[PDB]
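Note: ideal-geometry Cβ built from the backbone for every residue, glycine included; neighbour counts use all protein chains shown. Since every read-out is calculated from the coordinates, none of them should be taken as a lab result.
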Amino acid sequence: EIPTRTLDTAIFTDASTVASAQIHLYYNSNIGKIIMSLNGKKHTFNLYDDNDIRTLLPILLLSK
Amino acid sequence: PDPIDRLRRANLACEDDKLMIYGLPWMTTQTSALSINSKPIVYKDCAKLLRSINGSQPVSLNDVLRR
């Protein structure tokens with residue numbers, strides 16, 4: 001299995017709504033994507049897609 | 001190659017209530033941070049969320065990855 005990271009962070013679930021969350025994430029280097037588990041839902045971020053990057057970065061940058 | 005490595009300068013800033021991302025590689029201007037449902041983040045209390053490296057210094061993605 002691909003090793004994961006676990007982060008405690010804040011997530012904007014809507015444009016002006018923030019919630020605390022613990023997430024588990026991993027990087028798949030074969031496809032260039034980060035996969036995130038958030039409250040039992042899978043989110044995929046394509047690291048070659050600037051829209052995905054602008055969604056992933058606030059999650060990482062608000063983390064503890 | 002890791003496509004995340006050229007993102008290591010990325011850092012958050014608040015422009016009034018707009019959460020912005022500075023430091024991206026190819027970008028001339030700062031762009032908005034997006035919520036999980038793909039909307040620009042607008043938050044009156046934006047400044048209270050920003051994290052620091054124990055000084056006013058903004059946290060960069062490099063700092064997060066090297067923790």
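Here are some notes:
- Cβ-based charge dipole, the protein assembly as shown, positive-most Cα from A:56, B:37, A:10: A:10
- FRET efficiency, residue B:27 to residue A:1 (Cβ-Cβ, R0 41 Å, nearest 0.05): 0.75
- Pairwise centroid distance, computed over Cα atoms, of segment A:1-23 with chain B, Å: 15
- Note on residue B:66 and residue B:2: the extension gain reaches 21.5 nm, defined as 0.36 nm multiplied by sequence separation minus the Cα-Cα distance.
- Where Rh is the Kirkwood radius over Cα pairs, Rg/Rh for the protein assembly as shown: 0.93
- Cβ crowding within 10 Å averaged over residues, with B:23-34, B:49-60 ranked highest first: B:23-34, B:49-60
- Shape analysis of chain B based on the Cα gyration tensor places the equivalent ellipsoid semi-axes at 20, 16, 11 Å, largest first.
- Dipole magnitude for the protein assembly as shown: about 220 debye, using +1 per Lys or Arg Cβ and -1 per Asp or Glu Cβ, origin at the Cα centre.
- The Cβ shell under 14 Å around residue A:26 holds other residues with a net charge of +1, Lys and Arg each +1, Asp and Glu each -1.
- Unit Cα scatterers, Debye sum, segment A:5-61: log10 I(q)/I(0) for q = 0.17, 0.18 Å⁻¹: -0.53, -0.59
- Point-to-point label distance, residue B:16-residue A:46, nm (Cα→Cβ direction, 7 Å offset): 3.4
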